[PDB]
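Novice: build me a model:
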Amino acid sequence: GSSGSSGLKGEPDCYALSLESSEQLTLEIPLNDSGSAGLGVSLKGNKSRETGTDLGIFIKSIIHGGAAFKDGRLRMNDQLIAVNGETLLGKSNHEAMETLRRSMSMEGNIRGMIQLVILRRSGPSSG
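Specialist: Residues are numbered from 1 along each chain as shown. This is the structure:
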């Protein structure tokens, strides 16, 4: 490591260090007691007419006093770019949602947990 620079007179730019890019979070929810029935959360599908495709799947709302409640800390409208390592965007509203319950009973079986990969840009253009 160790490396830098000095000088520069003007700098045709405010500041550039690292290119910005959407962020991703990884939440782990155990399906030990919940798995029995399932996650315990509801999702909603969003369709786009501008594209004519399926934006994907997004959380609807976490049901407190439950299992997901723990992770409920999150907020609905959480696009599921994947789940348990399985992609969703590649699938449709049905399929996708069909995979969840799958991985929920599949991973929650041998594993007992489910991972949720969400994508949230840096900032929703605020300022």
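Novice: who's in contact with residue 79?
Specialist: 55, 56, 57, 58, 89, 118, 119 (CB atoms under 8 Å, 6 or more residues apart in numbering). In short, each C-beta sits where N, CA and C put it, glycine included.
Novice: swap the cut-off to 10 Å and go again
Specialist: 46, 55, 56, 57, 58, 59, 88, 89, 117, 118, 119, 120 (CB atoms under 10 Å, 6 or more residues apart in numbering).
Novice: show me those residues that map onto strands.
Specialist: Counting by DSSP state E, the part of those found in strands is 46, 55, 56, 57, 58, 59, 117, 118, 119, 120.
Novice: out of the residues you listed, which is nearest to residue 110?
Specialist: Nearest to residue 110 among these is residue 117, at 19.5 Å by CB to CB.
Novice: host element of the closest residue in space to that closest one that isn't next to it in sequence?
Specialist: Spatial nearest neighbour of residue 117, chain neighbours left out: residue 82 (3.9 Å); criterion: CB to CB, 6 or more residues apart in numbering. For residue 82, the element it lies in under DSSP states H and E is strand 80-83.
Novice: residues touching that strand, excluding its own?
Specialist: Applying CB under 10 Å, 6+ apart, the contact partners of strand 80-83 are 22, 24, 26, 39, 43, 56-59, 86-91, 96-97, 99-100, 102-104, 107, 114-120.
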